[PDB]
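# Results of the structural survey
Each chain, letter by letter, is given below.
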Amino acid sequence: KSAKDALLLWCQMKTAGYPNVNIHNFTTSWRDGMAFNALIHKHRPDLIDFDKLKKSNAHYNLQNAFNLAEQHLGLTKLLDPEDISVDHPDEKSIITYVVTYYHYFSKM
């Protein structure tokens, strides 16, 4: 609960101030793709025009973050947008992927 909890705070803290981002867990807080994009932007505002993103376009948002992370950060696309954009996405999946982001931005 410690590693998960610190991971959650980390995400919360990194995305302080992002509109339409509200991280309260590792499931539904990520299902619209905003949080993922906020994480990226925070580290590489050059890759995303966050202001253009709307919570409504889950697919787009998720593909966006996933494709950019893969393409520009070499972070493997472990998740699938369609799988993530459901009502109750798989927590473990998300956490695993979110961890790869944590390491990446934390190291380097």
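Each chain's residues are numbered sequentially from 1 according to the written sequence, a convention that need not reproduce the entry's numbering, and residues without coordinates are excluded. Excluded from the side-chain calculations are hydrogens and water; all other atoms, namely the structure's heavy atoms, are used.

## Side note on the overall build of the chain
Strands are runs of DSSP state E lasting at least two residues, helices are runs of H or I lasting at least four, and both sets are numbered from the N terminus onward. For the chain, the count of helices and strands is five helices and zero strands. Going from the N terminus to the C terminus, the chain shows its helices and strands as α-α-α-α-α. The size measure is the radius of gyration over C-alpha atoms, and the globule rule it meets is 2.2 Å times the number of residues to the 0.38 power. Taken over C-alpha atoms, the radius of gyration comes to 12 Å for the chain, in line with the 13 Å a tight globule of 108 residues would show. Taking all 108 residues of the chain together, the buried fraction comes to 42%. When checking whether two residues touch, look at their non-hydrogen atoms; a contact exists if any pair is within 4.5 Å. Counted over contacts in the chain with a minimum sequence separation of 6, partners at least 24 positions apart contribute 55%. As displayed, the chain offers around 6,000 Å² of accessible surface, 50% of which is attributable to carbon and sulfur atoms. Only protein chains enter the accessibility calculation, which uses a 1.4 Å probe; a residue whose area is less than 20% of its type maximum is buried, one above 50% is exposed, and one in between is partly exposed. Accessible surface area values rest on a Shrake-Rupley calculation with a 1.4 Å probe, where residue burial reflects the displayed protein chains alone.

## Describing the nonpolar core
One finds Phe-26, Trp-30, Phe-36, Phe-66 and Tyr-101 to be the most contacted residues of the largest nonpolar core, which totals 34 residues. Within the residue set of this core, elements represented by two or more residues are helix 1 (2-14), helix 2 (34-43), helix 3 (58-73) and helix 5 (91-106). Those residues in contact with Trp-30 that sit more than four places away from it in its chain are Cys-11, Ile-23, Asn-25, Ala-35, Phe-36, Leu-39, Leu-62, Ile-84, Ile-94 and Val-98. To form a nonpolar core, buried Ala, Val, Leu, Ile, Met, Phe, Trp, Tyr and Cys residues must be joined to one another through side-chain atoms within 4.5 Å.

## Points about the packing of aromatic side chains
What counts as a ring pair is set by centres within 6.5 Å for rings of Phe, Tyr and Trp (its six-membered ring), and what kind of pair is set by the plane angle: stacked under 30 degrees, edge-to-face over 60, tilted for all other angles. The final tally for this structure, using the stated rule, is eleven aromatic pairs. A centroid spacing of 5.0 Å and a plane angle of 80° characterise the contact between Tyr-18 and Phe-50, whose relative ring orientation is edge-to-face. Of the two residues, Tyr-18 sits in the loop between helix 1 and helix 2 while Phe-50 sits in the loop between helix 2 and helix 3, which places them 32 residues apart along the sequence. Ring centres 4.8 Å apart and planes at 55° place the aromatic pair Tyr-97 and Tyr-101 in the tilted group. In this pair, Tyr-97 and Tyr-101 both sit in helix 5, four residues apart, roughly one turn of the helix. For the pair formed by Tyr-97 and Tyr-101, the shared burial category is buried. One aromatic cluster is present, built from ring pairs that chain together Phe-26, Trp-30, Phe-36, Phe-66, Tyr-97, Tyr-101, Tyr-104 and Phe-105.

## Details of the pattern of salt bridges
Here, a salt bridge means any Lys or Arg side-chain nitrogen found within 4 Å of an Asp or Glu carboxyl oxygen. Tallying each qualifying case throughout the model produces four salt bridges. With its nearest N and O atoms 2.9 Å apart, the salt bridge here joins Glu-91 to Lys-4. One end of the pair, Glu-91, is in helix 5; the other, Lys-4, is in helix 1, and 87 residues separate them in sequence. Taking the relative accessible area as the measure of exposure, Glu-91 reaches 28% and is therefore partly exposed. With a shortest N-O distance of 2.6 Å, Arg-44 and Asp-46 are connected by a salt bridge. Since its relative accessible area comes to 28%, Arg-44 is described here as partly exposed. Assessed through its relative accessible area of 53%, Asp-46 is described here as exposed.

## Digging into the side chain of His-41
As for its position among the elements, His-41 is in helix 2. A relative accessible area of 19% places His-41 in the buried class. Excluding its chain neighbours within four sequence positions, the residues that come into contact with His-41 are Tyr-18, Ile-48 and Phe-50.

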